[PDB]
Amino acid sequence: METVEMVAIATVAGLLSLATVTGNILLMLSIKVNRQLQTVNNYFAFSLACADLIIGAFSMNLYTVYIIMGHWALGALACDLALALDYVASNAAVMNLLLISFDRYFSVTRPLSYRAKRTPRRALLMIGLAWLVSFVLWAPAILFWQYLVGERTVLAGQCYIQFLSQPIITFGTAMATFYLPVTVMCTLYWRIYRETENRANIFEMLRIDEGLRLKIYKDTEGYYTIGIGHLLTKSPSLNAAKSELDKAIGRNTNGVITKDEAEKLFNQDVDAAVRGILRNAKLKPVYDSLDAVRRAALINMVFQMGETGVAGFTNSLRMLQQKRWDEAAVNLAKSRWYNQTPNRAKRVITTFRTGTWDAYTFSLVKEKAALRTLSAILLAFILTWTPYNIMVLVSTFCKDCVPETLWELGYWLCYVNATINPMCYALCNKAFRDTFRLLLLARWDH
């Protein structure tokens, strides 16, 4: 190729590599230097940054030299090893995105059961298996295909994957590395968004009715409580309540906690309440029949009265499962509950009557940094890997239709995912953005 083309491509690919190596190092150092970033989900982000660092420093630079030189000069053994390192790191990134998606899925859908298992030790176990599965699946086929076929069909001065020669096998790998992971992650995201907004509404409902307290207080029984009726301990000690609070959050709070930390505790209490409802033979048929809004009004009653208290409304529960909401509203209002808390009872009864949030006046979806990051890193994956996967799709129906140049650009677009991944964290998380700025200004300072 021309000397002018060699300089132009080397500069663009070089600057892209520099942006990839810098961004993923900044992401890794951020989790290392900042304690507030040292969360179980950020262990997977560190693992993803490791895969993206190989892509930036090794894959990108070595693939660009291969295109510029127009041939492979390092030999057949260096070639297959280079391709093995490349494919395993690229798949490890996809596996890490699946780990981020599943962790976010189980922590939102199951805040009680899953957070018993959500320790850093289990995150490290899942990270290692993800990297090991990527290796066991792609490296043996990359290196030993030539021995199983009986010949190395890749010429000297050429470096490419031998088993990806036929377009149907390329499509097979595309299904396993793109089409199936994307489908799985999208289905997981629709469930995470629906669950998050559903739980938020229960949180905002009880914030109006029961009340939210950021500091440790004593309940009616005299036990230390926090947030929306979250029991810390039954022990008559302030320090014991503080120790149990620091255990539940993971930091030295010393009495005071944030709204988001109180929401985390409340969602464990919602899971504990729903566990009791399904285990109660008198509350299970009505709960299964009610919609998301009317289920929350039943949970509201469980948080105030208790399991057996709501079960006392034999007449009312029967009319709610029969979808006769005007009838059940009359029986619910004619009780000791309505007389004790008239303002709260009317709001809950109206919720059962209408099946809407008109009694409370609710705000739109508060898209938390974690939800925004997941959506950004998933869209980043779809955007950068779509060109190559469309080329694979047209390759199956069109033999040798895709030119050498297009494959080279489609390969380079897949690597751009590694460049834009730390940008997604910076754009969605304020704690990452500030640490990125902090580390960059600290590096410029000698």
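In this text, residue numbers run from 1 along the sequence as written.
- In this entry, 285-293 shows the higher mean Cα temperature factor of the pair 127-135 and 285-293.
- The PDB entry reports B-factors from which the mean C-alpha value can be compared for 182-190 and 112-120; the larger average falls on 112-120.
- As recorded in the PDB entry, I249 shows the highest C-alpha B-factor of the residues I142, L371, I249, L77.
- Between the residues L85, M301, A311, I161, the entry's highest C-alpha temperature factor is the one at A311.
- Split the chain's modelled residues into thirds by C-alpha temperature factor. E404 is in the middle one.
- Ranked by Cα temperature factor within the chain, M60 sits in the lowest third according to the deposited record.
- Among the modelled residues of the chain, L97 sits in the lowest third by CA temperature factor in this PDB entry.
- When the modelled residues of the chain are ordered by their C-alpha B factor, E204 lands in the middle third.
- In the deposited entry, the Cα temperature factor of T350 places it in the middle third of its chain's modelled residues.
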